[PDB]
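First, one chain by itself in structure tokens, the form deposited in one PDB entry.
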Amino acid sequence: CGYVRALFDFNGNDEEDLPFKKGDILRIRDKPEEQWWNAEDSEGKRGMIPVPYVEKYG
């Protein structure tokens, strides 16, 4: 219920979007766009995360 998970490790590492990893945890915070939303990683880093690269956990 407002949580996603990345099932793929990305290479990119822009100084704007948070980096993802295989089997990473990312919480949903705000979904302004229709592809990348602002999710809070499991590190407290709140940035844009892909909805496709991730999955609906809860």
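Start at 1 and count along the sequence shown; that's the residue number.
Same protein, other form: the form deposited with a partner chain bound, not shown, and the subject of what follows.
**OP:** May I ask you to check whether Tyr3 falls inside a 4.5 Å heavy atom distance of the partner chain in the entry with it bound?
**Re:** So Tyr3 does not count as contacting the partner chain.
Original post:
Any of the heavy atoms of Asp17 lying within 4.5 Å of the partner chain in the entry with it bound?
Top reply: Close contact exists here: in the entry with it bound, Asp17 approaches the partner chain to within 4.5 Å, heavy atoms only.
**OP:** Please check if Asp9 has a heavy atom lying within 4.5 Å of any heavy atom of the partner chain in the entry with it bound.
**Re:** Contact with the partner chain, yes.
Original post:
Using heavy atoms and a 4.5 Å limit, would one call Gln35 a contact residue for the partner chain in the entry with it bound?
Top reply: Yes, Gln35 is a contact residue.
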